[PDB]
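Protein chains in written order, with the deposited numbering: chain B, 1 to 97; chain G, 2 to 200; chain A, 0 to 189, 196 to 270; chain H, 1 to 244.
Every residue gets a Cβ at the ideal spot worked out from N, C-alpha and C, and that includes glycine.
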Ligand SMILES: *Cc1cc2nc3c(=O)[nH]c(=O)[nH]c3nc2cc1C
Ligand SMILES: [Cl-]
């Protein structure tokens with residue numbers, strides 16, 4: 001069976017405009033393991049983006065955490081973009097704060 | 002980490018022998034027993050990893066993890082059981098630690114002891130005189146020579162399969178002028194009824 | 000202590016795209032990765048500093064050899080499964096083994112396998128037998144159960160060795176694994198009440214909404230426990246507000262032996 | 001169906017000389033091992049190979065190296081022989097490793113003696129002694145004795161041949177050799193064997209008895225500078241005929 005990834009985008013701390021923070025994109029429950037993730041800033045692809053090693057769940061699916069340091073402002077919109085074998089096209093999830 | 006077993010054990014044919022193996026290890030993934038006949042390769046006898054006794058023909062193997070000890074139990078002993086028995090333990094990293102081995106010596110049941118010392122015939126190609134101590138009971142031990150020019154071998158068990166007949170023997174030889182079979186085994190404690198044929 | 004666990008996973012892939020490893024194995028203590036190995040590095044490496052600092056090089060070298068051997072065995076096993084399924088293309092094989100030391104002192108132990116992310120074989124260490132999900136697994140089950148000693152070995156490793164490894168690693172990483180960081184909890188309005202916790206360690210946390218004292222399981226929306234990225238976690242749970250009758254709603258959070266209540270006035 | 005095949009069976013070496021021991025297994029095993037066995041202690045791992053394409057040191061790696069040539073073969077190299085490498089070497093294999101349950105399958109063993117100087121290698125002198133007439137009349141059995149004496153190192157195989165066929169029934173050979181001079185670390189050795197037959201078998205004048213000792217010693221490339229004959233690998237024997 002193939003399992004499509006669950007995508008959640010959130011900040012490390014409660015966001016406050018002007019206060020430095022970390023944008024997280026936690027991608028879980030997918031199978032098989034090949035996957036492609038990007039953090040977006042205003043629809044552009046952020047360059048310096050870290051991620052954990054591929055992780056394993058008891059139910060045999062996988063999970064990953066992609067993140068980047070940032071300072072949230074009122075205007076800039078932030079997103080996570082995921083591609084997987086289960087997806088016809090990339091799936092974009094915006095940071096709803 | 003260390004593993005300990007007795008150096009050597011002696012039992013009588015037809016009886017039962019228990020060979021012990023104690024081990025101190027960090028971690029435990031199993032205990033193996035191996036049989037090694039003299040001059041030959043060890044071969045797998047048994048494996049224990051949970052507690053208790055497992056039987057396999059005449060051999061049984063026992064394990065107590067909490068005591069860190071195992072024994073190999075051999076019943077109805079036969080001469081072909083003469084061998085070294087090697088105990089080995091798999092430690093927490095799946096590395097084998099080997100005991101030094103236990104040499105099992107089996108005493109044949111001699112049905113009609115007839116102890117005697119015979120002089121063999123000289124060979125024209127050798128200066129040695131040769132004496133054979135033979136047919137004695139298995140409780141008799143053969144001592145090494147006290148004279149540096151006298152050679153005495155340890156006792157050997159021979160099987161005449163056609164007659165289903167076993168016998169102990171030891172050989173002594175020398176080329177000294179004063180050497181005689183009547184005194185060849187004078188350093189051994191030999192049966193009082195030992196037959197010494199007239200020279 | 001609290002409950003702790005030790006688990007090792009293996010992933011094997013039959014026809015991996017270029018770059019992606021054929022084989023990967025990762026160990027975990029609770030949610031923390033502790034060790035990793037793959038077919039590209041061919042080396043076992045720590046994934047937690049307190050593992051690196053407490054295990055001499057002879058340990059990393061020994062399991063590097065063992066892992067290279069396990070990688071080849073895993074390839075052979077995946078090859079046989081995909082022949083017996085008569086399957087083309089790329090397929091995955093997975094294994095999970097480990098144990099739990101519970102707070103009450105009792106222990107559990109598990110070992111299981113998956114093919115294409117679905118249960119394939121499950122070990123039962125009390126009946127010393129394998130549960131097969133289909134007839135390819137049943138063929139493998141017959142061969143594994145014919146070697147009774149290998150079953151006994153797994154029982155011993157799960158009940159004794161794994162628990163001893165877990166206690167040893169729990170001591171190594173005790174400053175991490177045995178600490179408590181209490182949650183910061185608030186209630187926001189979005196209509197629905199959202200109860201949000203963050204900043205907490207360990208990750209195990211129970212959040213729920215009460216209405217007038219009774220619970221409302223079918224009405225609560227539970228969010229996942231999520232890594233913040235700094236070693237702590239966050240979570241939430243929402244409840245949909247009734248606009249036709251007032252009710253006393255309260256959020257209830259339990260973490261590491263402490264219960265909290267946030268009444269929404 | 002061969003199991004584990006290792007060579008050579010016996011080897012003598014001068015200090016400083018090189019040697020490669022061969023090992024092959026036809027069992028389709030993945031794990032292979034080289035052990036040394038010495039008196040008074042357990043087997044010690046020298047090197048091992050958990051799987052094709054990887055090898056690593058054991059407990060006593062110094063002075064040795066290994067090559068896992070393929071799935072089947074695992075060779076042990078001594079590059080500069082030292083007297084402390086005098087030992088019996090055993091190659092072994094197992095289906096896998098890092099499983100707890102699997103036993104090892106051992107090769108036949110390689111007996112290596114390393115010497116500072118080959119000047120104390122000797123073949124055995126072999127003599128056969130005919131049965132005692134007193135024994136024949138007292139027991140109706142006849143014991144022949146073969147003595148193999150003065151050889152060094154203890155690299156011999158003694159066999160008995162009756163009417164041109166090797167025999168084992170009725171035979172007992174000392175399991176351990178006798179040090180002719182017990183106090184010396186390089187003492188030459190003695191070995192005895194008995195063959196016991198019925199008196200009626202001994203008393204047939206057409207029956208032929210022979211004791212043969214195969215000695216494993218020097219070879220063509222070994223340098224020899226003593227006045228006596230070069231102690232090469234050879235067979236030494238002695239015979240007797242039945243006596244009416
Ligand atoms: C470092 C490591 C060790 C390990 N040990 C295992 C063991 O002893 N038994 C198993 O069945 N599986 C194991 N897997 C591993 C994996 C890793 C990475
Ligand atoms: Cl992809």
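Determine the contact status of residue 106/B and residue 27/B, defining contact as a CB-CB distance below 8 angstroms. No information on residue 106/B is available, as it lies outside the stretch 1 to 97 that chain B covers here.
Would DSSP call residue 64/G helix, strand or coil? strand
Distance between residue 57/G and residue 156/A (C-alpha atoms, nearest Å): 24 angstroms
Same chain, Cβ closer than 7 angstroms to residue 106/H, neighbours up to 5 away in sequence not counted: Spatial neighbours of residue 106/H in its own chain (CB-CB distance under 7 angstroms, excluding positions within 5 residues in sequence) are listed in chain order as 4, 90, 92.
Identify the continuous alpha helix (DSSP H) that holds residue 80/A and give its terminal residues. Residue 80/A -> alpha helix (DSSP H) spans 56 to 84.
Using a Cβ-Cβ cutoff of less than 6 angstroms, which residues in the same chain neighbour residue 121/A once the five nearest sequence positions on both sides are dropped? 111, 130
Determine, using beta carbons only, whether residue 78/A and residue 63/A come nearer to each other than 8 angstroms. Against a cut-off of 8 angstroms, the Cβ pair of residue 63/A and residue 78/A comes out as no contact.
Residue interval of the alpha helix (DSSP H) (run including residue 137/H): 133 to 139
Could you give the uninterrupted runs of the beta strand (DSSP E) lying entirely in the stretch 82 to 111 of chain G, keeping only those of 3 residues or more? Inside the stretch 82 to 111 of chain G, DSSP marks whole beta strand (DSSP E) runs of 3 or more residues at positions 84 to 91, 97 to 99, 103 to 108, from first to last along the chain.
State yes or no: is the beta carbon of residue 95/B nearer than 8 angstroms to at least one beta carbon in chain A? no
Within chain H, partners of residue 72/A - CB distance below 7 angstroms: 96
Taking one C-beta from the stretch 3 to 19 of chain H and one from the stretch 107 to 119 of chain H each time, how about it: are there three or more such pairs within less than 8 angstroms? Three or more pairs of CB atoms, one per stretch, sit closer than 8 angstroms, so the stretch 3 to 19 of chain H contacts the stretch 107 to 119 of chain H.
Using 8 angstroms as the threshold, is the C-beta distance between residue 65/B and residue 26/A below it? No.
Going by DSSP, which residues form a beta bridge with residue 17/B? According to DSSP, which records beta bridges pairwise, residue 17/B is partnered with nothing at all.
Let me check you understand the geometry: is the CB of residue 36/B closer than 7 angstroms to at least one non-hydrogen atom of ligand 2? yes
Since residue 266/A sits in a beta bridge, which residues does DSSP pair it with? 257/A
Residue 105/G to residue 89/G span [Cα, whole Å]: Within the model, the alpha-carbon separation for residue 105/G versus residue 89/G is close to 17 angstroms.
Could you have a look at residue 80/G and say whether DSSP puts it in helix, strand or coil? helix
Are the Cβ atoms of residue 162/A and residue 101/A separated by less than 8 angstroms? Taking the C-beta atoms as reference points, residue 101/A is found no nearer than 8 angstroms to residue 162/A.
Is residue 94/G near ligand 2, in the sense that its beta carbon is under 7 angstroms from a heavy atom of that ligand? no
By how many angstroms is the C-alpha of residue 148/A removed from the C-alpha of residue 104/A? 28 angstroms
Touch check for the stretch 27 to 45 of chain B and the stretch 74 to 94 of chain B: three-plus C-beta pairs under 8 angstroms? yes
Counting contacts by CB-CB distance shorter than 8 angstroms, is residue 58/B in contact with chain A? yes
At least one CB of chain H closer than 8 angstroms to the CB of residue 92/A: is that the case? For residue 92/A, no Cβ of chain H is located within less than 8 angstroms of the residue's own Cβ.
Mind listing the chain A neighbours of residue 30/H? Cutoff is C-beta to C-beta under 7 angstroms, in chain order. Think of a sphere of 7 angstroms around the beta carbon of residue 30/H: the chain A residues whose beta carbon falls inside it are 68, 71, in chain order.
Kindly list, in the order they appear in chain G, the residues whose Cβ is closer than 7 angstroms to that of residue 160/A. 28, 30, 93
Can you find a C-beta in chain B that's less than 8 angstroms from the C-beta of residue 205/A? Closer than 8 angstroms: no.
Does DSSP put residue 83/H in a helix, in a strand, or in coil? helix
Using a beta-carbon distance below 8 angstroms, is residue 232/A in contact with chain B? yes
In whole angstroms, what separates the C-alpha of residue 36/B from that of residue 31/G? Spanning the alpha carbons of residue 36/B and residue 31/G requires a straight line of approximately 45 angstroms.
Kindly indicate the opening and closing residues of the alpha helix (DSSP H) around residue 170/A. 161 to 171
Taking Cβ-Cβ distances shorter than 7 angstroms, what residues in chain H pair up with residue 174/G? 147
Partners in chain H for residue 157/A, counting only beta-carbon separations shorter than 7 angstroms: Those within 7 angstroms of residue 157/A in chain H number zero; the least Cβ separation is about 12 angstroms.
Relative to the alpha-carbon of residue 146/A, which residue among 100/H, 206/H, 74/H, 19/H has its alpha-carbon at the smallest distance? 100/H
In three-state terms, what does DSSP make of residue 152/A? helix
At 7 angstroms on the CB atoms, spell out the chain A contacts of residue 1/B, in chain order. Neighbours of residue 1/B on chain A, chain order: 115, 116, 117.
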